[PDB]
Structures are given as structure tokens and as C-alpha cells.
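Architecture at a glance
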Amino acid sequence: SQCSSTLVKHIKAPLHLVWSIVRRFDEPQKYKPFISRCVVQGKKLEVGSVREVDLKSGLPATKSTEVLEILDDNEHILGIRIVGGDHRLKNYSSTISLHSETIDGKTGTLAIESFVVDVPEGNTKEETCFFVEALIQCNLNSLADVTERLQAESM
Ligand SMILES: N#Cc1ccc(CC(=O)NC2(C(=O)O)CCCCC2)cc1C1CC1
């Protein structure tokens, strides 16, 4: 009644550049293709901040409310937990971390995101686990695009 997995992506951009995008707890839509809008109150990037996420139309759900559990600017770890919305996921937490990774003779970034989540009563472990992986890999392919496009424009 619980599945967990880890997804990775090699990114051809400097870690400081990927981190500047990944840490924006208040602007996930900057690269997450299925999120339309995001609102945060208070000091926006501090442990405990809460975001209300509006998803794109035409999806199984529309809203998500998430908390910022970890934001480590020295080690480049961002940890979030989802706590409300009109989706099917219970006790989802995840952690994305960035790591220096030489690619093509130049320095790049290796993005690693692990998640854990309850299996719904009426659903399979394999069926649950797999749907979230595919969404995260999409998020990380798009993260690589956005940061590589930014890196390019630095010339
Ligand atoms: N139904 C559905 C659904 C589809 C895409 C997103 C947007 C998204 O990308 N959501 C994750 C994220 O990394 O923000 C990756 C996938 C696991 C939830 C967190 C969110 C949700 C619901 C809030 C669960």
C-alpha cells in the first residue's frame, strides 16, 4: 500500500543555473508543463511556505496544495509534500536534488527526484508507481529543456 521510485535526468547546464529554477517553490510552472498557475503567501521560499497550484485544464484534477519541507541552498535539495487538492494522491512527498556531473567534457547537472506516496485502496502498486514516474520524467525532460535554452541564451 505504498510505492516509491527515483527518476534522474542529465542536464547540459551549470548547476547554479538549474538550481535557480528548481528552488523557485513559488513558480513551478516555470518548467512543469502540467501546472498553469501557483500562489504563495508569506515569505515565499522558507520551510513551511504553502502553495496553491492550479493545474492545466483537461486533467484528472485541477487543484493541489503543497508544503515546502526542505529547501537547502547549499546542497541544492528541494523537498515538498502535497496535502490537499482534488486529486487521488495521499501522503505524497518528494525530494529533488542537484549534483555536479561532467557531460561532454563540460560541467553539467544531474537532477534526481525521489518520491513516496500511498497506493489508493482501489488501485495497484505497479499502476500507481508508474503513473507518477511518467509525470516526473516529463517534468525533468522539460526542466532540461528550459535550463539548456537559458544556458544557450547566455551567449
Ligand atoms: N492527477 C494529477 C496531476 C497531474 C500533474 C500534476 C502536476 C505535477 O507535475 N505534479 C508532480 C510535481 O512534480 O509537481 C509530479 C507528479 C506527482 C505529483 C507531483 C499534478 C497532479 C495532481 C496533483 C497530483
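Here is a short report on the structure shown in this document. (Residues numbered from 1 in each chain as written, not as in the entry; some residues may be left out. Heavy atoms only, no water.)

Topic: helix α1 (residues 15-22)
Within α1, six of the eight residues are buried, which leaves it mostly tucked inside the rest of the structure. Of the residues making up α1, those classed as buried are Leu15, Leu17, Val18, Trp19, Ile21 and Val22. Looking at the buried side of α1, the elements it contacts are β1 (2-11), β4 (63-72), β5 (77-85), β6 (93-103), β7 (106-118) and α2 (125-153). (Buried < 20%, exposed > 50% of the residue type's maximum accessible area, 1.4 Å probe, protein only. Helix = DSSP H or I, 4+ residues; strand = E, 2+ residues; numbered from the N terminus. Contact = heavy atoms within 4.5 Å.)

Structural notes on the packing of aromatic side chains
Within this structure, the stated rule accounts for one aromatic pair. Plain terms: the ring middles of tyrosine 92 and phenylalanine 115 are 5.9 Å apart, the flat faces sit at 15° to each other, and that makes the pair stacked. Note that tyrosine 92 is positioned in the loop between β5 and β6 and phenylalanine 115 in strand β7, a separation of 23 residues in sequence. Neither residue differs from the other here; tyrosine 92 and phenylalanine 115 are each classed as buried. (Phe/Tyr/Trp six-rings, centres within 6.5 Å; stacked < 30°, edge-to-face > 60°.)

Structural notes on the nonpolar core
Membership of the largest hydrophobic core comes to 33 residues, with the highest contact counts inside it found for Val22, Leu78, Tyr92 and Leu143. Going through the elements one at a time, β1, α1, β2 (35-40), β4, β5, β6, β7 and α2 are the ones with two or more residues in this core. (Core = buried A, V, L, I, M, F, W, Y, C linked by side-chain atoms within 4.5 Å.)

Examining the pattern of salt bridges
Counting across every chain of the model gives seven salt bridges. In this structure, the salt-bridge partner of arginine 24 is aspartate 26, at a minimum N-O distance of 2.8 Å. Since its relative accessible area comes to 25%, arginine 24 is described here as partly exposed. Residue classification places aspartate 26 among the buried residues on the basis of a relative accessible area of 11%. A salt bridge links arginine 24 to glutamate 27, with the shortest nitrogen-to-oxygen separation between them at 3.8 Å. (Salt bridge = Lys/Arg side-chain N within 4 Å of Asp/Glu carboxyl O.)

A few points about the site of the ligand
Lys32, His87, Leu89, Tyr92 and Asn139 are the nearest of the 13 residues found near the ligand. Residue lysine 32 places a side-chain N or O atom 2.7 Å away from an oxygen atom belonging to the ligand. Between the ligand and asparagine 139, the relevant distance is 2.8 Å, taken from an oxygen atom to a side-chain nitrogen or oxygen of the residue. Considering the ligand on its own, with 500 Å² of exposed area, one finds that the protein chains cover 95% of that surface. Per-element accounting of the shell around the ligand gives the leading share, four residues, to α2. Of the residues that constitute the shell around the ligand, the class distribution is eight nonpolar, three polar and two charged. (Near = heavy atom within 4 Å. Polar contact = N/O pair within 3.5 Å; in protein donor to acceptor, adjacent residues only side chain to side chain. Areas by Shrake-Rupley, 256 points an atom, 1.4 Å probe, with all protein chains shown as cover. Nonpolar A, V, L, I, M, F, W, Y, C, P; charged D, E, K, R; others polar.)

As for the sheet that holds β1
With respect to topology, seven strands assemble into an open sheet ordered β1-β7-β6-β5-β4-β3-β2, the strand pairing being antiparallel. Since the sheet does not close on itself, it has two edges, and those belong to β1 and β2, each with one partner. When the angles between neighbouring strand axes are averaged without regard to direction, this sheet yields 25°. Pairing of β2 with strand β3 (residues 50-55), which is carried by five bridges, proceeds in the antiparallel orientation. For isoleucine 35, the partnering residue across the bridge sits in β3 and is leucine 55. (Pairing = 2+ DSSP bridges. Axes fitted to C-alpha atoms, helices over the stretch in contact; angles between N-to-C directions.)

Here we look at the side chain of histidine 87
Mapped onto the elements, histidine 87 comes out in the loop between β5 and β6. Here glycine 84 takes part through its backbone oxygen, which lies 2.9 Å from a polar atom of the side chain of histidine 87. Every residue in contact with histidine 87, bar those within four places of it in the chain, is listed here: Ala61, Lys63, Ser64 and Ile82.

A closer look at the side chain of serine 64
Residue placement: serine 64 occurs in strand β4. Judged by its relative accessible area of 6%, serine 64 is buried. A distance of 2.8 Å separates the side chain of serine 64 from the side chain of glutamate 66, its partner in a polar contact. When residues no more than four places from it in sequence are discounted, the contact partners of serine 64 are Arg51, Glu52, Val53, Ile82, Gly84, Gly85 and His87.

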